[PDB]
Amino acid sequence: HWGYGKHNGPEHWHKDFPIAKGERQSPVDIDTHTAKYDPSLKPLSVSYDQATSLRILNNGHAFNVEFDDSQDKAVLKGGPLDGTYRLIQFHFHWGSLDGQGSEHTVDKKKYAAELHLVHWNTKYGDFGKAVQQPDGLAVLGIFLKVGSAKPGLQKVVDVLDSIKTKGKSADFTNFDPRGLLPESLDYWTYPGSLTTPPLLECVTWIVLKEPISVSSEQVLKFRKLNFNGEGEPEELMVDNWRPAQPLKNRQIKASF
Ligand SMILES: NS(=O)(=O)c1cc2c(cc1Cl)N[C@@H](C(Cl)Cl)NS2(=O)=O
Ligand SMILES: [Zn+2]
Ligand SMILES: [Zn+2]
């Protein structure tokens with residue numbers, strides 16, 4: 001039943017997922033004046049050159065672009081991380097208007113949307129084992145602002161038509177996620193959680209400083225997707241973001 005509506009929204013998740021009120025919930029507001037540079041942070045290694053995308057799926061709250069994670073084809077290493085983390089999927093969160101949609105905020109600023117590249121710690125063997133551990137997952141988060149089109153995104157935008165409703169999927173091979181990165185890999189990092197139920201506290205968040213630009217036309221096509229299944233009454237897929245959660249006992253570090 002969970003979702004983003006008035007009766008099943010984030011305000012309600014704690015009832016079925018008590019960890020929602022936990023000590024290391026995501027997302028959070030990034031107070032730039034309180035984040036601290038950490039010169040001990042090693043440089044971030046994004047190695048997506050052999051990434052193998054497979055499929056795109058409308059899961060009822062967003063769409064996932066899924067990848068083959070049977071081997072070390074696309075990985076995240078270095079930065080705050082120990083070991084190797086394999087890309088399993090990416091998705092977005094976006095708003096009903098350009099003034100909202102991101103999950104993380106920067107000095108309370110909300111971007112139009114946010115891209116999450118989800119990776120799991122290969123020493124745990126699979127994703128399911130990984131989300132039983134405090135260092136199981138690493139998510140690369142990238143803000144989207146509305147401006148010029150992102151060429152690298154257009155392929156995704158153009159398949160949306162075919163996965164309009166919940167549980168629809170389409171073939172999605174040969175997509176290169178490198179085309180969704182900004183120039184700079186400067187980041188902020190903190191320990192957190194999934195921002196969707198079950199809200200497991202297993203994530204090392206790495207949030208890039210530099211947003212990517214996407215066109216209004218591109219984001220408009222995101223807002224034409226549906227939460228609902230086929231034949232059901234249309235509920236447009238918008239505002240599928242969880243607001244900022246309390247930082248509690250956590251420090252956000254800057255790589256720059
Ligand atoms: N939003 S997020 O990046 O915290 C996130 C979302 C999903 C995750 C994992 C993470 Cl870390 N897993 C999936 C399962 Cl369907 Cl494989 N659901 S999700 O909401 O896309
Ligand atoms: Zn869902
Ligand atoms: Zn997400």
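Counting starts at 1 for both ligands and their atoms, in listed order. Computed over heavy atoms, backbone and side chain alike; hydrogens, waters and symmetry mates excluded. Sequential numbering from 1 along the given sequence is applied to the chain's residues.
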Measure the distance from [atom] to every protein heavy atom, then report the residue, atom name and distance (to 0.1 Å) of the closest one.
atom	answer
atom 19 (O) of ligand 1	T196 OG1, 2.9 Å
atom 10 (C) of ligand 1	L194 CG, 3.7 Å
atom 15 (Cl) of ligand 1	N64 ND2, 3.9 Å
atom 11 (Cl) of ligand 1	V139 CG2, 3.5 Å

Name of whichever N/O/S atom of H61 is nearest to the Zn ion (ligand 2)
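Closest to the Zn ion (ligand 2) among those atoms: ND1.
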Applying side chain to side chain donor-acceptor pair (under 3.5 Å) as the test, list every pair that has at least one member in residues 135-144; sequence neighbours left out.
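Sorted result for residues 135-144: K123-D135, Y124-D135.
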Short N-O contact, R24 and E201, less than 4.0 angstrom
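Not counted as a salt bridge, because no side-chain N and carboxylate O are separated by less than 4.0 Å.
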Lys/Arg N to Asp/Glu carboxylate O, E234 vs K164, below 4.0 Å
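Salt bridge flag = yes for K164 with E234.
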Can you tell me if NZ on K168 sees more than 12 non-hydrogen neighbours from other groups inside 6.0 Å?
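Yes, the 6.0 Å shell around NZ holds more than 12 heavy atoms from other groups.
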Where does the angle between the aromatic ring planes of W94 and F222 fall among parallel (under 30°), tilted (30 to 60°) and perpendicular (over 60°)?
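If you compare the ring of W94 with that of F222, the planes turn out perpendicular.
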Under 30°, 30 to 60°, or over 60°: which ring-plane class applies to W205 and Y190, parallel, tilted or perpendicular?
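If you compare the ring of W205 with that of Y190, the planes turn out parallel.
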Where the closest heavy atom to atom 6 (C) of ligand 1 is concerned, which of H91, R242, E66, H61 has it?
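That would be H91.
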So what does the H91 NE2 - the Zn ion (ligand 3) - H116 ND1 angle come to, to 10°?
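The angle at the Zn ion (ligand 3) comes to 110°, rounded to the nearest 10°.
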Taking atom types as modelled, is there a side-chain donor on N226 or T165 under 3.5 Å from an acceptor on the other?
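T165 and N226 do not have a side-chain donor-acceptor pair below 3.5 Å.
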After noting the C-alpha distance and the side-chain angles of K110 and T105, does the key distance pass the side chain to side chain donor-acceptor pair (under 3.5 Å) rule?
CA-CA 5 Å; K110 301 180 164 96; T105 53; over 6 Å; no
Please identify which atoms of ligand 1 are closer than 4.0 Å to at least one heavy atom of [X].
X	result
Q89	7 (C), 8 (C), 12 (N), 13 (C), 18 (S), 20 (O)
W205	3 (O), 4 (O)
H93	1 (N)

Ligand 1-proximal atoms of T195, by part, heavy-atom distance under 4.0 Å
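For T195, backbone and side-chain atoms both sit under 4.0 Å from ligand 1.
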